[PDB]
Amino acid sequence: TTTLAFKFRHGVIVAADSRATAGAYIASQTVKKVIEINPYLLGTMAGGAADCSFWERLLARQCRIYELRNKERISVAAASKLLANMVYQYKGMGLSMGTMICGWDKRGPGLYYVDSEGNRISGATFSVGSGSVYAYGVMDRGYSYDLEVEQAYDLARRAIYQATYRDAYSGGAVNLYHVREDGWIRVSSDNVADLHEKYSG
Amino acid sequence: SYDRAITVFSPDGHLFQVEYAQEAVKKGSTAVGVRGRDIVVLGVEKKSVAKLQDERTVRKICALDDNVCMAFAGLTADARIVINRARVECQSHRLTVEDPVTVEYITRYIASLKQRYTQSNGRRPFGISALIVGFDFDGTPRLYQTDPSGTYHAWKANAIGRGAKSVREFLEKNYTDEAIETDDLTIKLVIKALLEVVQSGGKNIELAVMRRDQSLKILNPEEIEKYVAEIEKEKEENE
Amino acid sequence: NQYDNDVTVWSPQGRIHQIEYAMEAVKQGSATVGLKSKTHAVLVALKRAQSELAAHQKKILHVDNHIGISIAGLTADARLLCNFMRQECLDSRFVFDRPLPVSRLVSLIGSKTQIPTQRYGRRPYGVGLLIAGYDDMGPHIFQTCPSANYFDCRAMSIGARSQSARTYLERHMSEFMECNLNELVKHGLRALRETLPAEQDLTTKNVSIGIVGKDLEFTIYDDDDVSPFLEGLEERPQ
Amino acid sequence: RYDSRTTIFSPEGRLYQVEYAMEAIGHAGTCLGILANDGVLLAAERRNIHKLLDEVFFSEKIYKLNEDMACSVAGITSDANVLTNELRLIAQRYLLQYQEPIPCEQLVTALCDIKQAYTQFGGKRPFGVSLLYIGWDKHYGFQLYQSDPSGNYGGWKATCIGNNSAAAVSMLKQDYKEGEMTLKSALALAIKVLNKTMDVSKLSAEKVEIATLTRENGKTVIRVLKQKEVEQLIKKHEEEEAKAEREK
Amino acid sequence: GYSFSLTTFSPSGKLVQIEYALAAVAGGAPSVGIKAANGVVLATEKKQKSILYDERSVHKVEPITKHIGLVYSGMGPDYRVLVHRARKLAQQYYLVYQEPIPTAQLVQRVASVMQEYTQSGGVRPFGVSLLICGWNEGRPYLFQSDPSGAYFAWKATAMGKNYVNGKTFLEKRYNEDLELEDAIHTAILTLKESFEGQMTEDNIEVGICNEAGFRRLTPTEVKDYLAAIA
Amino acid sequence: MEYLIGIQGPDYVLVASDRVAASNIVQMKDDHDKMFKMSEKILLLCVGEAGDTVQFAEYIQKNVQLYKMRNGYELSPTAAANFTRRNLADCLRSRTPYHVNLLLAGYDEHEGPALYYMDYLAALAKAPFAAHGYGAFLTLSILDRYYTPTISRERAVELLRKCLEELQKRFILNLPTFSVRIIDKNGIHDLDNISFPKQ
Amino acid sequence: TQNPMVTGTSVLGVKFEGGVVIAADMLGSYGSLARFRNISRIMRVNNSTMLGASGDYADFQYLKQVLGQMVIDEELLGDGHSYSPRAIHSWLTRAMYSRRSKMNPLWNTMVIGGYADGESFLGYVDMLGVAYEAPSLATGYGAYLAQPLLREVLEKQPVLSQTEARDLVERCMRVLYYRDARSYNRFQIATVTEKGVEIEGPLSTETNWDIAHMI
Amino acid sequence: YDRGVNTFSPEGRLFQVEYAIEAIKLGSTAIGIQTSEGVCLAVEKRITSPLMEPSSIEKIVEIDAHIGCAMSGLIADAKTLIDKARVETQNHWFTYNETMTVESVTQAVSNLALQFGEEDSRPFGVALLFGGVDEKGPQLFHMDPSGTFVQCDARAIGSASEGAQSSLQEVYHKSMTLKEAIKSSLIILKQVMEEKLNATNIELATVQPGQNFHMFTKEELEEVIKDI
Amino acid sequence: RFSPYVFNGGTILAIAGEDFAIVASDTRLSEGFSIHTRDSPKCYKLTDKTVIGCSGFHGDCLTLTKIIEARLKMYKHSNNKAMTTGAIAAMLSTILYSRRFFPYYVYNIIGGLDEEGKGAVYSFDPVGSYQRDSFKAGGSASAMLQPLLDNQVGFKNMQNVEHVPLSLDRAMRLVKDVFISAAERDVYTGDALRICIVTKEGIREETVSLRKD
């Protein structure tokens, strides 16, 4: 398991693996951990399957209720905020959820990071998972705010390539979405073996 | 069929107690309120000091959030319940979501609670009508009115109490588009409405303004005396 | 008249006439005829219109694979006891894992309607249930009442001017037990046509038929398998 | 078939139990809180002044409620005792909450909400009691408030009681003092108020009650003053009547 | 789920059913109680309707504590209920503070409960006036409550029938300073003032509240002192 | 765990927190804030269970703002601290206790500035200076050497520089970036982030 | 029940042609002590089915009481309808599942034999709610002991008679008396048929001990 | 007398639900038409004041992306049914990955259409027109405060609904088309109304299979006004 | 003390065909060192486009199955229509989440056709996550079966091997071969095989026996 997301000049970069195993046994390699919240909001599956699936579906539910009642698109701080309010109710009760919350704001890019321990923050770069520190190595190496679109594509694509490369728990497909001002855009979903024939030489 | 219980309807389907709740609203004190393009402004009339008491406790205009401005109609203490209730509510919305609390949401709260409060049994409904001024969404000036039935409703200008259709007809005879974005002409508009008060006593007028980013600014009855001075002077210009 | 107000208050003749008012509400419903053979239970309702563009409201609804009913009177209480009805179907259908005997179920319906016919703060229900059910011993046609005195029969009819159809049930109740499903059905519309004012004829869209058998699941039809039932007919002897 | 109004408007649109409760208020004894900056006072009127009593209570209308706050009262007595025990419960709970005394205003409005809930819903007999409020704070100093059965209240300097005190309030407007905090001149003025409005001949001390509430260095002590100084206030005020008849 | 008490304000402001309960107390049995310099003497008028009746069953002078006695003017069956309430309440004071409850605290708590019965729904108020006395901390005390929850503190008073007449008689003959037997003396005087002629050991029943403690007196000493008490 | 400081002056309160929000291996966030503007003269600092810190800051912060909008004026920092510790004492004997470690910094028109220091066991304190973690040990030793009751705010600044420089000397973690406020007669004034080049 | 005090032992049950025969002993051993060597471990339901059980005999008294109450209920309905033995298996399955679902089990091991509508029936009911159907059931150790004999004869021949299956049960109960420490030489054999429910008396076994003379 | 919620009439039912169906008629009118090309709908706003902002008054609200609405009578009670109905459809998507069918939405509201209870509050007085496009194409629905729901081909409500439904039955057939039903519908509107037909009086609600979204026309509404 | 969970066995195979869905599972029921029966089919034709396979705890299998059928009656008799397969996966996911803190010791696979009549296999976990897949083998023989399913269905790790779509009877040969080969090594597997085929015209069943030890 390894995901990452970072905002820059032109929206936000969303990247993930697709490997979900079961202990030492591979369950699947095609797990779309980036749960698409809205045409304007995206979330991650970072620890917990029914936690992120349920609770992010309940959050997308609640934002839909918000937009119906107020006729108004919600802010990402409000969504991560009330998400943390919902997760906080079961503190210490054995629930893993450390997801990333991504979208667009009237104040610009929307990037928030919420854990099951009430670790709701904002920031600029995030990486979650087993091989997350790998992606802090390569991503925090190659990070700049003024990077371009394909530049950040090969940056984060390289980053998942390294993190899935050293991690035995990360692999499968390389999911890659791109949050814009108007709304996100699916970039690609690439194989690590294709990035190994591509990136090995 | 009778003018008793809030539950039954007339043979043509009416709620006489809602209608009677509108009566003490119509027999209440008069207050006016307009939005400027930036400087929203309002003011109650009929201060009516009686020589032996303090009047900071009888202040009929307050704020739930700093972006919003409170007024009401009818009686006082039920509106005090609604005000402190909506301090808990606006502060709770503040606690849940870190947004500035919006006028549309809080008026859905007040009109909704007044509605279901009117639905519930053996409970005397609120005989008030609130006037809610908020310039929040990039300071976009908004003013809402409520109803004893509990219907929140936006206007562009407002006047309540006795003669609300009279002073409202004055605002129909005064609704210039240039009164806003010349916030001093909005000041002359507020002095025009307080000039068109049912008594227009000059000392019983209490006005409060906000430039959509400032706080609730309370005026003085010498600046307002200068506003009656320029009002009578402009009337001399009309002469 | 001052006593004729509530459920608890006995009349000075002991006849609480609000129950009779609920009976009058049951008489406001449309006409419908339930019947059974020795094997096959068929019940037919009369649809009415609100307007020309308005669809004809049905009275027959499916409940269980062996249970079908009609209704006359109130609608929200009918759906109330429909949800309670299917509820009690899935109760023993879940736990006991068997279909229901009918008499125990309708007895639970009478005990269900006992309290709203008993206490203050509770009104009776305008109810016109004609009941077709299948226990181990085959078809059973019951009928209900707001007095909660459910009646077993071989065939009944309730609604407006249904007494003519009741006389048809009397003069063909020997015929009903022996004849099959198709001509028994056209006996059925040869009761509903006597529930009609004679200046109009039983058309297609204003009628529907539910059929349940010992080997047949309860199924309702509208104009489509009813048009082969609307054939094989004679006109009224004018 | 046995329902009173208890929560409903009169036909046209007015109120019933509130008006009749105020009619119960007007038929009572008389109290007052006067203008004082260095403290505040309360005059009061003794009711049921029959001689075979004991009078060992020392406080009949007065209720020293927490430390630096008291209240005269007008209405149903034991209902008012319920409201004073509840009131000391509320402000004493505030003192538990912050370990700080009340600012008194949210206390006054709180009790106005207590009676007010009985006005709106739960149609019973409400409290037909109006009562005074004296006190001190760090924000406005010594204060005066007036309870109402309508949930309303008054931040006063010269208060009002019912039928015996309308002429007293007209005496407060026509004889309104301003600027001086002189408690003794307020005692002669109140002795004029109870002298005319109280129909007791020569203003007997056993028909009246006086107690003050002054600032002492952080304590804000409450002088529930005895009867002999009331007696010399009687002789002093009748000496002021002699000064009044010097013009004859 | 009824009850908006019963009670509304009159157009005068009065409370009519409470006034009717005061009419019931005015039609109540006569009694008198006198706070002397040492204790308080309670004396009731208790005549049986039939000569067959036993007086050992019903008893009027009733303690709540061993220094606290109490009588009434109203009805016995409600009197047992409110007395039982005061017993439980006094035991609760003894549980909290482990100390005999002062009579002022009895009148505050019990009178507050009776005020709750005035502002209490479901039925009627308790049309019983109470005479409460106890020799608490040196001084005896004499406290008179009402059905409407209020109370007073008397040197000597009387309730029941002809209570204004014996009230004027105690106003005449009584003073500040007496003793216990002097209060029994003028108490028998005011008792025969309004009572019937045939007054024996069973026609009355007397208790005292000594500073040494409450002492419910018997028809023995009632028959001894009241053997031509003047 | 990490650090706080609440140095009391004659008319000022100098407070400093970190900006670190590490999680057990790496530093996740290097620009964190824990300085919580309760009012125009009252400030909140806390180190504890990160869920309980935020939710507690919601309830107490917004509840103080409910006092401010309702009564329309500011609490005393003493009785405000009594309300917070009151809520901790309510939270303690409960199925959901909080483990947060507070310190408060208020200012009075009458009493001037004030320093309060709480516990995860709801302890009231009135101190000249208080802290958390093991930097509590090091910095209270150093400031114990250099305490003056009548000391200037610039000696507090440069003394804080010195004590932080000794904090860079023998402390095991990183802790680069430290935010600082100062309280005066006006109220809250931000001093800059305090970071140090090591080599 | 966390701690079952008084338990039974293995119960044998098998269908045959036109009915189900179920036998069990009469032993109420409290631990290794046979404290109650004279009990009855079978409830005769009215005409179609019949219950054998193991585990807590007090629970067997309880479910005897509740089930007997329910049979009294639908009998006193008089609608001409009873409970099917499959419905008994259904309600008992739901009852045990809801029982264990509150983490408070009833220490039992139940076997329902119902011949009705010409159809033999033999449903197992677990304490854990695991419940199924089988032509031959053998609880306790008899799953490890006589169940391969049961499946041996059933794979040898599908259909059987009452005499074949009956003497078969006699041999198997004899074997369980040879090597079961919770066995006792007193048992009852019962049989549901279309003739009805039949309970036999305290039958006993006939051992062999000729190998004891060997060394 | 005036036997309310717990007494039937001696012939029929409640004198209070009769007062609610009575209390429908005071409301303004609205006409939806189920075209197979897509259900259109319109409503009279009945704007009084010049200060009375036109978009402040809502009649058509969007339950689901292909579901509009239309009310008749009690405003915030209807809007309560709007928000709760949107919750119920959100539960159906939440637990079914798919839109609740519009008839089952109307049955979901129609459960508590008559579940008024002052014991064990008051009954409502608002009639509802529902426009949707389910899996069976376009759907036009009408319920009542008495819960007797019926699917309608084209339904008029509110004031003057007798002549509106009568002239509607004159102009209606099965093979009607979209803009035909639009301009014919506003013909019936300016027949039954009293004010001059401008942009302020009315608003449209157009659901289609290809135009599931946007049950509205924005200032080309004005163009269709000047198309007549 | 009382342990609530026990392993009853099971081995489920589901293949989302082009217009079909083949769900086969052994009927052998065992526990510990005891076969309870050799006939316990885990395949259940709920609708004509849905057959479910449920392994793990047996009482939760029967219980949950009856709850599923009850909610089918709730949806249809509420709604006059049947569920789609993904709606069943969603509702089931809300069930398995609704018993989060006391989970079912149960594995689940739902087979059946979509509204396009193409096969839709939904694997499950005992907490309630799912996705639409093409083929899953649950139970004890999952690691026994999945790599050969990758070799034949997915054609994984195969050089110069084109992707012919697998026909129906070729997939039947696949099913019989993998249940024989898995039957030779699993102790939880044998004695029979319940085969279900979800077509656009009905569901076909076929039980093919296995070895008897």
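Think of it as A, B, C, D, E, F, G, H and I in the order they're written, each chain with its own count starting at 1.
To be clear about the criterion, contacts are C-beta pairs under 8 Å (C-beta built on N, C-alpha and C of every residue); 3 or more make two chains touch, one makes a residue touch a chain.
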{"item": "Co-neighbours of chain E and chain B - touch as defined", "value": "D"}
{"item": "More contacts between chains, B-H or A-I", "value": "B-H"}
{"item": "Centroid distance [mean C-alpha coordinates] between chain F and chain E, Å", "value": "66"}
{"item": "Whole-Å gap between the CA centroids of chain B and chain D", "value": "34"}
{"item": "Chain C and chain I, separation of their C-alpha mean positions in angstrom", "value": "44"}
{"item": "Cα-centroid distance, chain H relative to chain I, in whole angstrom", "value": "47"}
{"item": "Where chain H touches two or more other chains at once, by residue number", "value": "5, 94"}
{"item": "Junction residues of chain A, two or more chains touched", "value": "69"}
{"item": "In the complex, chain D residues that touch chain B", "value": "7-9, 11-13, 105, 109, 112-113, 116, 119-123, 145, 150-158, 169, 172-173, 176"}
{"item": "Parts of chain G lying in touch with chain C, wherever the complex brings them together", "value": "77, 79-81, 83-84, 86-87, 90-91, 94"}
{"item": "Residues of chain D touching chain E in the complex", "value": "3-6, 17, 20-21, 23-24, 27, 48, 52-57, 77-79, 81-82, 85, 122-125, 128"}
{"item": "Chain H-facing residues of chain C, complex", "value": "5-6, 17-18, 21-22, 24-25, 28, 50-55, 57, 74-76, 79, 121-124, 126"}
{"item": "Contacting residues of chain D [partner chain F, same complex]", "value": "97-100, 103, 106, 139"}
